[PDB]
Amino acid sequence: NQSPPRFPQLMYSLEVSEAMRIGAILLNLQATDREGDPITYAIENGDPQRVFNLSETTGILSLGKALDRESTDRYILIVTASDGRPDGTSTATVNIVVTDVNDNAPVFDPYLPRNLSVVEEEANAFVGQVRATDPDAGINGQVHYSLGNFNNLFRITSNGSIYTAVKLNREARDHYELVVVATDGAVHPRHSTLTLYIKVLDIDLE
């Protein structure tokens, strides 16, 4: 009497870049009915924000809306092809994985202190620590710290910790508006900057 239409594979897998263009063709999951019927394809579940379009007649699966892997990096679509009959409808499952692009700069924790203090006449003295984070993946969110001024006076480490490079002298200067630069280790790198306000104190004798 009846066989339902059969998808080639009963489970698909697929990478898509988050930068992929709207309208781009992602997968061809057309089935065939052995008694030549017309077939109707629909995404039953797995795509609540309607990111993907699955042609009702063709079978083609394209991208409908823009992706972002910082919001969603994975989808599990439940697709169906049906012929019309009471139970002439079959189910496959597409498994989609979104891959990274470096579309995000480091961002400094706004809650850590900016106003810092270090004693004078002391070198390799701990001034304080900053931190910045990047939501991108792998090297695209590895953050490298550097100083944008006073490089002869202060050094900064990979863990964000800042030190005096040399004995400072309050009488020479007591405030420093230091600048820190967080940069991601991506091939096409992005960065941001934070100004600190460092104050010099003195040992109390002379």
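All residue numbers are counted from 1 along the displayed sequence.
- Of the two segments, 29-37 and 42-50, the one listed with the higher mean B-factor is 29-37 (C-alpha atoms only).
- Averaged over CA atoms, B-factors in the entry run higher in 84-92 than in the other of 84-92 and 103-111.
- Split the chain's modelled residues into thirds by C-alpha temperature factor. Residue 20 is in the highest one.
- The deposited CA B-factor of residue 170 belongs to the highest third of values across its chain.
- Sort the chain's modelled residues by C-alpha temperature factor and residue 141 lands in the lowest third, per the entry.
- Residue 14: CA B factor in the middle third of modelled residues in this chain (values from the PDB entry).
- The entry lists a Cα temperature factor for residue 59 that places it in the highest third of the chain's modelled residues.
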